[PDB]
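Worksheet for the structure shown next.
For the single chain, residues carry numbers from 1 onward in sequence order. Whatever order the structure lists ligands and atoms in, that order sets their numbers, starting from 1. Computation of the quantities below employed the complete heavy-atom set of this structure, encompassing side-chain atoms and omitting hydrogens, waters and symmetry-equivalent molecules.
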Amino acid sequence: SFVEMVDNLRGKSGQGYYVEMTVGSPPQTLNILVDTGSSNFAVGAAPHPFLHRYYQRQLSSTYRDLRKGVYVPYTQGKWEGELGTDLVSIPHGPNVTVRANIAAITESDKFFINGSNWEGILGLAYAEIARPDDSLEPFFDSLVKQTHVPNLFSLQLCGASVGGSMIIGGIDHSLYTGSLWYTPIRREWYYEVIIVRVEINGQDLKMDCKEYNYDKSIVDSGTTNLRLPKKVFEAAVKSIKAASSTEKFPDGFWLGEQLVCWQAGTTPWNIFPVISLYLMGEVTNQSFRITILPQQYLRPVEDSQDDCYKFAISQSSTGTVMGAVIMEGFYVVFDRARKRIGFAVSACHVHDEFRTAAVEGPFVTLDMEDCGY
Ligand SMILES: CCCc1cc(CNC[C@@H](O)[C@@H]2C[C@H](C)CCCCCCOCC(=O)N(C)[C@@H](C)C(=O)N2)n[nH]1
């Protein structure tokens with residue numbers, strides 16, 4: 001039944017993926033960013049320079065005011081607003097209508113993006129990280145309780161402006177090739193996973209695997225970059241520098257600040273390494289790996305005809321984040337019902353002429369529990 005939802009995501013590179021929703025009676029139409037790294041459903045509800053439209057509570061007969069305040073500070077950007085409920089639908093989703101919590105955003109700082117074309121956010125993680133506290137039932141929890149939609153969804157994010165699919169309630173088998181590989185959701189707050197091994201161009205980073213998950217590892221469609229803990233970031237960048245030392249880059253390129261540009265079609269893909277992340281498997285001493293190409297972590301940006309890119313691996317102090325750059329080209333199943341996350345090569349996967357992004361296993365990996373922090 002899922003063909004209806006295929007290709008229901010749009011977006012600009014670096015600006016997230018959104019799906020179309022309606023809120024209120026009569027339905028008000030809004031483009032809503034899909035974020036697996038937060039748990040609040042919130043929409044613009046007041047004029048803003050960057051908003052093309054917004055939720056108008058006064059015009060919805062089914063709007064109910066909860067008369068509680070709310071704010072969410074993300075890793076970057078934040079908003080505050082008023083809690084309420086209203087009827088919500090997803091036109092290119094399941095044919096259902098749910099009464100859901102909505103945060104009507106009244107003030108924001110570094111949240112809305114100039115010309116981004118979305119006006120709100122759909123936090124698909126668990127109640128445990130919802131603001132103001134875990135009693136605000138997240139949207140997807142409301143969907144499963146009030147309807148027959150099965151308790152899972154999948155994300156196919158495609159690279160470059162960009163599009164993809166969010167299959168709500170199941171898995172669409174025409175969206176991926178090969179097998180799905182599953183990793184346990186370590187704890188139901190973020191979508192937390194355990195990275196057990198890291199390789200760059202086949203060479204093991206040889207760190208205590210706890211460093212990869214310090215203090216957590218999450219799968220986050222609302223973050224653009226692969227973000228790494230300080231110690232792991234340094235090892236990775238030192239390794240990517242040595243692999244690409246045939247050319248010289250400003251020390252501000254490795255910090256994500258400056259671009260790098262090449263004459264179009266002359267991007268030296270072969271001098272940047274592939275990165276392999278090994279994730280804990282479903283059986284004892286078993287793992288699998290995802291391999292990332294430079295076409296994923298060198299994110300294309302707008303300028304000439306030179307091809308320009310920003311380095312989309314950045315340093316973190318709140319753990320590893322497998323952002324949109326990692327998820328591009330994979331089909332990712334958020335199997336909440338079975339507390340696991342599946343990866344497979346997407347139908348829109350990233351490959352150059354000599355290397356290919358992959359999802360391969362099984363691997364044997366010893367002492368995987370020691371990798372949790
Ligand atoms: C109450 C939860 C608190 C909590 C969750 C997280 C982890 N998950 C973070 C994501 O929810 C947000 C979501 C975004 C703010 C949504 C708007 C921007 C969309 C694309 C822009 O991409 C830039 C980027 O990568 N941003 C901004 C990240 C650093 C970032 O903060 N992303 N930390 N804290």
Side-chain angles (χ1 to χ4, degrees), residues 9-19 30-44 48 50-51 69-81 83 101 103 105 107-140 155 157 159-162 164 166 187-193 213 215-229 233 255-257 296-297 299-301 310-328 334:
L9 301 179
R10 295 292 178 265
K12 298 182 177 177
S13 163
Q15 311 193 359
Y17 299 72
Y18 56 86
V19 65
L30 299 169
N31 283 334
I32 300 305
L33 186 149
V34 308
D35 180 17
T36 65
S38 73
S39 306
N40 277 84
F41 182 33
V43 296
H48 187 280
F50 298 164
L51 286 185
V70 58
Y71 69 94
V72 171
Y74 301 92
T75 296
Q76 292 159 9
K78 50 196 174 207
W79 54 256
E80 46 188 63
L83 291 175
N101 295 309
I105 300 173
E107 308 195 349
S108 63
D109 178 39
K110 301 184 180 175
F111 183 72
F112 299 114
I113 302 171
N114 195 11
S116 88
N117 201 236
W118 53 259
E119 300 92 36
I121 180 161
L122 173 63
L124 291 165
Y126 297 94
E128 186 161 356
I129 65 176
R131 299 304 182 104
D133 65 84
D134 62 3
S135 58
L136 190 71
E137 193 177 84
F139 174 84
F140 198 84
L155 289 181
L157 310 183
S161 180
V162 307
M166 170 169 61
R187 168 180 177 203
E188 293 165 295
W189 58 335
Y190 304 91
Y191 291 100
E192 190 192 346
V193 301
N213 306 299
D215 61 311
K216 64 184 168 301
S217 294
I218 69 169
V219 183
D220 186 0
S221 62
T223 290
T224 299
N225 289 6
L226 171 64
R227 307 181 91 248
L228 303 172
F233 176 81
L255 304 188
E257 303 161 344
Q296 283 170 266
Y297 64 79
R299 181 173 64 86
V301 292
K310 192 169 295 183
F311 188 59
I313 306 172
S314 61
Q315 180 178 170
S316 170
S317 73
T318 54
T320 302
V321 179
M322 288 160 78
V325 136
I326 299 301
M327 293 173 75
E328 274 181 358
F334 295 82

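- The atoms of ligand 1 that sit less than 4.0 Å from any heavy atom of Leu33 are 19 (C).
- The shortest N/O to N/O separation between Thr224 and ligand 1 falls below 3.5 Å.
- Proximity to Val72 (heavy-atom distance under 4.0 Å) selects the following atoms of ligand 1: 1 (C).
- For ligand 1 and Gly14, the ligand atoms under 4.0 Å from any heavy atom of the residue are 20 (C), 21 (C), 22 (O).
- In this structure, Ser116 has no heavy atom closer than 4.0 Å to ligand 1.
- Using a 4.0 angstrom heavy-atom cutoff, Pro73 counts as in contact with ligand 1.
- Between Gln76 and ligand 1, at least one N/O pair is under 3.5 Å apart.
- Here's the thing with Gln15: none of its N/O atoms is less than 3.5 angstrom from an N/O atom of ligand 1.
- Ring centers of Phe140 and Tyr126: at least 6.0 Å apart, outside the cut-off.
- Considering backbone and side-chain atoms together, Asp220 places an N or O closer than 3.5 Å to an N or O of ligand 1.
- A tilted orientation is assigned to the rings of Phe112 and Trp118, their planes being inclined by 30° to 60°.
- When non-hydrogen atoms are compared, ligand 1 lies under 4.0 Å from the backbone of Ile129 (N, CA, C, O) but not from its side chain.
- Note: no N/O pair closer than 3.5 Å links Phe111 and ligand 1 by distance alone.
- Heavy atoms of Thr223 found under 4.0 angstrom from ligand 1 belong to the backbone as well as the side chain.
- Annotation for ligand 1: atoms under 4.0 Å from non-hydrogen atoms of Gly37 are 5 (C), 6 (C), 7 (C), 8 (N), 11 (O).
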